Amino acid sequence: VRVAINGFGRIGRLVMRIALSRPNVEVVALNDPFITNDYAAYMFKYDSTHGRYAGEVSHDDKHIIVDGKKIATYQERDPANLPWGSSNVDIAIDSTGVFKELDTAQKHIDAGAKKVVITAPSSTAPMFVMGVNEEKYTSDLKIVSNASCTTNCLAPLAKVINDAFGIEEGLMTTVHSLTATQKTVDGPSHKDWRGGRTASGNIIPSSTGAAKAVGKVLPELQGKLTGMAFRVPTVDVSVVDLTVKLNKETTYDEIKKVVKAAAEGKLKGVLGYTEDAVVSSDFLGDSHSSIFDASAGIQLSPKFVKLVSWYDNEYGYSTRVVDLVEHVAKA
């Protein structure tokens, strides 16, 4: 599979790290109109959260070069002007968050790419979550979306719980690490007043659609889940706090066994399970979409339970993007 990456923010860079480790993926090009090759090489190489790239990174006038792989770079504002066809690009991966609808992402196809994978939720493009609805993908679909990181954490667990005990209703809280939209000291954030306030000295309440977005990937849960978020001053790794009213009576011990079986079975690698005394930093660079915290969870009555699942909001999601990429080309 020959891929190009559009955008070089958190998602863009990490998708590149992971893609470069996939033997069947070839990373042909990178587009980012707002950085030069030396800066791109720098940004890729040093990471405050995930460490130094273990390998040699450098650049010339037309490439970022990593361990012998030259990756051509482009500085195009309009993705239509990109030489994807001429470069024979199987899949364009859009990590910019501004080409995320069927008509806007279409520009990569126009430019020559065969398919597009979008690294944000979409209104128009069909959404997929590995281990949730990937079978529902079909080869004629040219533009898909990988949903969101919080969605990738909630959906796989929610499916497991609903299939096994039924979800009548659920209210979710995500305790979320800092993100790039936040400010270092109280600053302007016109659409999201709270999100403008000093990131590292606040618990910051935030609205999030990810809980209803489970509705789109699992239609059987439409309108049964919503939630909210608290942004806290950790730099990465977030956790889902799911308060769910069940349909069938069950022990907590039974929930544990069902989830663990799913972790070891069909959801291996997407959904994880632990019983150990873990904290957020224990999940830095973990590639699971969702890691179930068995000890942190608490059951009140036999149909009323609180489930806790971790996710590295940057790395898990980025691995899923690459998973979706390989899956979509396998078709």
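The term rigid core refers to the maximal set of C-alpha atoms that superpose within 1.5 Å between the two forms. The numbering used is simple: start at 1 and walk along the sequence shown.
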Taking C-alpha RMS after core alignment, which stretch differs more from the shown form in 4 other deposited structures of this protein: 154 to 162, or 233 to 241?
233 to 241
In 4 other deposited structures of this protein, with the rigid core superposed, the stretch whose C-alphas stray more from the shown form, 219 to 227 or 172 to 180, is 172 to 180
One third of the other compared structures is the cut-off here: is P121 left unmodelled in that many or more?
no
Among other entries of this protein with both neighbours modelled, does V185 go without coordinates in a third or more of them?
yes
Which is higher on mean Cα B factor in this entry, 65 to 73 or 40 to 48?
65 to 73
Higher-B stretch (mean Cα B-factor, as the entry records it), 24 to 32 or 281 to 289:
24 to 32
Out of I203, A180, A111, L154, residue topping the C-alpha B-factor column of the entry
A111
Checking the entry, which one of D186, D241, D236, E101 has the top C-alpha B factor?
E101
Compared with the other modelled residues in the chain, in which third is the CA B-factor of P121?
highest
Please place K115 in the lowest, middle or highest third of its chain by C-alpha B factor as given in the entry.
highest
Divide the modelled residues of the chain into thirds by Cα B-factor and specify which third, lowest, middle or highest, holds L221.
highest
Split the chain's modelled residues into thirds by Cα B-factor; is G227 in the lowest, middle or highest one?
middle
Give the position of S145 by CA B-factor within its chain, expressed as the lowest, middle or highest third.
middle
